[PDB]
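Here is the structure we will look at, set down as C-alpha cells.
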Amino acid sequence: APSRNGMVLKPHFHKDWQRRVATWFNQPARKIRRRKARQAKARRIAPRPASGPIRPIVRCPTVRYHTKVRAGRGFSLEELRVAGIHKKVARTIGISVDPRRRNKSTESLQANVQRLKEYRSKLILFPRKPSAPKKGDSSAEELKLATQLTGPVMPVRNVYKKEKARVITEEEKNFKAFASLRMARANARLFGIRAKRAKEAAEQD
Amino acid sequence: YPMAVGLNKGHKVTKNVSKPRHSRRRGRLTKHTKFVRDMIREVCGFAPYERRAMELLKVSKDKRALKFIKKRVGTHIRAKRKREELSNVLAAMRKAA
Amino acid sequence: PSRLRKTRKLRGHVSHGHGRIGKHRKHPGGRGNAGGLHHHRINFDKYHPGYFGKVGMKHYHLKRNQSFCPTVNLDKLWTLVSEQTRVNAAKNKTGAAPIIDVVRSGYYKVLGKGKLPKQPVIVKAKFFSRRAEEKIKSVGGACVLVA
RNA sequence: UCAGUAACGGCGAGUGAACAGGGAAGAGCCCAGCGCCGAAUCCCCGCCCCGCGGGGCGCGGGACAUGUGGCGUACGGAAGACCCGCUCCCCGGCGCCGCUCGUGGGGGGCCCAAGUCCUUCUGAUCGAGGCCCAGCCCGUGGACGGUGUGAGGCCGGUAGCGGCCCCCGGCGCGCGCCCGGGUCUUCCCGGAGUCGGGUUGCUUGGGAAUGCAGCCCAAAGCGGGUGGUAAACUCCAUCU
RNA sequence: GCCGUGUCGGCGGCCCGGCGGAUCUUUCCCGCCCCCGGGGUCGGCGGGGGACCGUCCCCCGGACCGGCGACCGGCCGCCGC
RNA sequence: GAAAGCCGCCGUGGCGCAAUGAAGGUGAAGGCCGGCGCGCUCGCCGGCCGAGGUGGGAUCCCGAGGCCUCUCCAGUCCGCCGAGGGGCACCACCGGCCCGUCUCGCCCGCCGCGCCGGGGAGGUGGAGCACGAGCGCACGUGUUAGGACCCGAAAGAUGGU
RNA sequence: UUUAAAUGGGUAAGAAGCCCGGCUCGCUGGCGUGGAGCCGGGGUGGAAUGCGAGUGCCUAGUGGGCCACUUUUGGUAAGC
RNA sequence: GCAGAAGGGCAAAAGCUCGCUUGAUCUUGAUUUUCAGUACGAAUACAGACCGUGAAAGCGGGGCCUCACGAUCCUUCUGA
Ligand SMILES: [Mg+2]
Ligand SMILES: [Mg+2]
Ligand SMILES: [Mg+2]
Ligand SMILES: [Mg+2]
C-alpha cells in the first residue's frame, strides 16, 4: 500500500465523516444577513455609536505577545475609581465594566484613567427635558454625524518610542554582553543549592 | 540592567499596593461563628474515629495516631489539622482540671 | 478537466491500465500503513528510518509561547530600519550611533551570520549569541540587552 | 489559527485536545444564610368603584405562614450611626393625533406602446417596407399562455406609482410607584453524606487515575479548589 | 504644438503641493510623574505643530529622433472627377 | 449580483528565510599585508578586503598570424585564428564554520570568586552553512483514507413479527 | 591427485601520463632520510574496428513461465 | 596432534611441556562477508588510551581459519 519514496500519511477518514459535513453555501447568505443586523440596529437605537462600548487598553498574556496592545474587556473599576465615576452609572453612559479584572501596576492603571477622562471629554449627553442637570447647551451645537465606527478611540494605537540616536559611552560598550546571561542563568539553577551549601557552613559549627 | 532571563526577570514595572479583594477573605474565624462551633461540640459530641484517636494520642503513639487519621481522613495535610487539634481539645480537657 | 485526464484515452482498452494478470482488485497490501515490521519492512526502512520507537522525554502540556524566540542574524540587521538612515546616520561627525531594536519588529534573538558592515550601532534584543556580539563589538558598536 | 501538534497506542494499526492570537456577537444578575423593620407578605371568597374582549389599588369575610412570607441585601463587599455636598424622579397603559425606513406587514382592483401596408402559411408570433428623426413606447426588450418563432393582442414586468381596507413600536389629560452620592467610625460576612482520600467499572489526548458513577472512610476554617510526574516540607500565584 | 530620460535653477504651490521616513527638533503646545500656595524641562510620556531627506506636479535654460504624437505650408511623384 | 472590487494601524496566522540536542540550552566568515608576546606545534595588534582553493567547464574577452586588380600612402568592417585570459551553472575533491558528543591541554572573565562562566587543539554523529528560492494558483501523473472501477458471499449485531 | 588444456575471468594500451626545480609536515627519523601534499616550469600522435555521449526525476506493468540444440542432477523412463 | 563435522593450514611451528599472566578490557569511525549493495551476526585492516609477555624486535582487543546465534516495545542493572 505504500510504494517508492513518499510521506507516511494518517488521514483521519476512518471514522464516519459523510454524515457530518458543512458546506458553506450560505456564507454569502450569512454575511448579508448579519449586515442587515448592523444596518437596522445602528440606526434603530440612537446617535450612540455602533461597535459597542469603549473598551480599555490591554496588554497580552503570552511571552510571545506581551509586547502589544489589545482592546480588552472593561476598565476594571479601579479605572472607574481613580477617574471617579459610579460603576452602575458607567454602563449606561457607554463605558464597559469588567469587575473581575485586576490592576497590579501603576503604569497600566493611569494608561486607562487618562483614557477614560479622554472619553468623558469627547462625550455629549442628551438631558431629557431641557432643564439640563450637569449637561450643557444645545446638543454640542449639533450631533455633527449620526454614528461612529469601528471603535471609539481607535483601540489599537500600537505606539512606539522614537529613540533617535545616541553616542556610545564607555560603560555601555564594555559590559552588557552574552556572558551577562550565562551567569544570569547560573543564578537561576544554582541559587537554591547555594542557599543549602551555606546551611552546611552553619552546621559545621 | 533589565534582563528577561535570570533571577530578576522581566520588564521593570512599578507595583500597585492595594487592599485585597473581598472574595479573598473566605475562612476567617469571625467570633460569632466560633461561638457556634464551640457551643456545638458539647451539645453534639465527637465521632467514633476520634474517640479512639485521642485514646491512642493520650498514651501510646502519636505517629500511629497521625497514621490512623491519615487512613480515615483523606490527606496527610488534613491529618495535621486534626491531630494537633484533637490534642488541643484533649489539652483543654486535661489542663483545665 | 475530464477531456485531459487519462480515462478517455484508455477507454476501449480492456483491462484499463492495470494488466491482464495481476488484475487490480481492491487492497492487496492491506488498508493504510499496514505491515510496518512484517512485510513492508523494506519500504519503511530505506525511505523512513526512525519510524519505530520511543526516543525521548515525555513533556505533558507544553505551551508554544514559553520557548518562543525568533532569530535575526546579522545579514538582516539593516532591513529593520529604513535605508534612509543607514546612510544619513552613517556620517561620523561624532559617535552618532542609531539604535536598532528587534522586539518591536517581531524578533527576540540576534544570531550571527556574516558581514555586519562598518557602522557602529547599538542593537537591542533579549538574547545575543556570542558570535553576534563580537561582530558588533568588533565594528566599534555596542550591544545593549533589553527586556 | 493553534494542529493532524503536545499526548495516547500489541508506542503497532491508528486515534488526538486546549491555552495564547485575529474576528462574529458582546447583558448582566438573583437568593438562602448573618442582621433591622410589632408579618410591612400572599391566596381564595363576597360586595360594589369603573373602563373595553378584562385586569385593579377600594370595601368587608375564610385560609397559608413565626418549622419564617415581603422591603433592603450577594462577596465586585454589605449594613447602621455620623459629617458634608447635589436632586426630585421613573414606570406601564389610555381613545387619540404625527411618523413608519425601503418608507412596517397582510389583502383586493388598477396604471407604456402596432394589429397600419404588402406577402408567405391550414394558422401567424415569419419575411420585407414606415420621407428628415429614423413607424411607436421605453425607470416597462423578465417570463407566460395566445392556431408557429410576439417589447406592443392579453395577464404584466418598471416606477421613494397612486387610491381602498385591516393590524403594528414610538403624542399628551385622568394611573401607579418615588434620595441618591464621598470620606470617617463600628458591625456583619456565606451553601456537607458535600469537598477530599481508598478501591471498582466506564470514559478521555489527560499520560502515578481528566471527567463520571458505585461502595466504604468521611472534613476543616489564615480553611478549601487549582498550579498538567507519585510524595513530604517551604513560599507564592490565582479563585471562592 | 510634442515627449523620453537628466543637470540645475525658480521650493516656484513647501508657512495656501501630494505622499512617505523607528530623518531632525528638552528654546515650541497642554495634561503627567520627580522635587520645597509657586518654581527647576527637572527627564521622558499621551497629544499637536514645522525644519529636513526621498519620490511626482507648473516655469526657463540645456540633450538627441522629432519617432503610432500630429496639423500647417513647400517639393517630387500618384490618383479621382 | 451566492458575482466582482476594495482594506494592510485586519498580516492574527500559515508556509519560508536556521539549524541542532533526549533535554536544560546553544546556534553557521573567511582571505592577505605589516608587526608583535620565548614568531613555543601554541598565540596577538593595526589596515585592505571578503564566501576559500585545485581540475574539468558551454559562453565571453585578448589575439601573433592569414585575407583584396601593379609596388609603397590607410580605414569601421568581414573571414579562419596558434596560443592565452576572466571562467556561469553543475560534478569530483580538499579546506572552513554551527550544533550534539569524545579525547587532550592551558588560558581568560566577574550584579560578585563558585561542585561559576567563556575558551583552545585534534576525531567523529547531523534531515546543516559556505550570497537565500519560496509562496499562492492551475493542470497532469502516481500512491493511500474514504461504499472508492462495477457486481459477488458463509457470516456478525441491534430492534421487532 | 604429480601434471593439466579448450572455452573463460581481472588489469594495462597515457597529457588525470612522464620529467625537472622549489616549499610544507604535528608522520617516519644516522641522514634535506623516507613518504605524502602543495607551487611553478618543458614537451600530445601513442593497438585494430565501430560509435555521439553523460546525467537526474517521477514511474506503469510483471513477481505461475515454457521449448530447443549443448552441458547436465534424481529417475528403469517419459510429451517427467 | 591441534574441544568437537569435514576441508584448507601447520615442524627449532599453528603440535607437546615449562615459566609467567588477563588484550576475553575501554572508545570513535572506515571496510569486508548473503547482500537491496539494508540489518543482526561474524570478520579484516587501523587510529586513541590502558596493560601483559619477551633480553629484544614484536606479538595480543578470544580460541589456526571457515558456523556456534536475536529487533522495536517492556523489565533489570551499570555509568556522569
Ligand atoms: Mg491487478
Ligand atoms: Mg491555499
Ligand atoms: Mg443471528
Ligand atoms: Mg499503471
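The residue numbers of chain C are those assigned by Swiss-Prot, with the residues present covering 2-148 sequentially.
Method on record in the header is electron microscopy, 3.7 Å.
Note: Cβ is positioned from N, Cα and C throughout, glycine not excepted.
The (3S)-3-hydroxyhistidine annotation in Swiss-Prot covers C:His39. Taking all protein chains in view, 8 other C-beta atoms sit within 10 angstroms of the C-beta of C:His39 ((3S)-3-hydroxyhistidine).
Annotation source Swiss-Prot lists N6-acetyllysine at C:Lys47 (among others). For the recorded site, C:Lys47 (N6-acetyllysine), the DSSP three-state label reads coil. In sequence order, the list of same-chain residues 6 or more apart from C:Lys47 (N6-acetyllysine) whose Cβ falls under 8 Å from its Cβ is empty.
If you look up Swiss-Prot, you'll see C:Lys55 (among others) marked as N6-acetyllysine, on the strength of a large-scale study or a structure entry. Neighbour list (C:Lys55 (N6-acetyllysine), Cβ cut-off 8 Å, at least 6 residues apart, same chain): empty.
Among the features that Swiss-Prot reports, phosphoserine is placed at C:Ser68, with the record citing a large-scale study or a structure entry. There are 9 other CB atoms within 10 A of the CB of C:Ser68 (phosphoserine), with all protein chains counted.
For C:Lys110 (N6-acetyllysine), the count of additional Cβ atoms within 10 Å of its Cβ stands at 17 [all protein chains shown]. Annotation comment: Swiss-Prot describes C:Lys110 (among others) as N6-acetyllysine.
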Conformational class of C:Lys55 (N6-acetyllysine) under the three-state DSSP mapping: coil
For C:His39 ((3S)-3-hydroxyhistidine) and C:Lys110 (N6-acetyllysine), determine the Cα separation and express it in whole Å. 47
Integer Cα-Cα distance in angstrom, C:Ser68 (phosphoserine) to C:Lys110 (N6-acetyllysine): 12
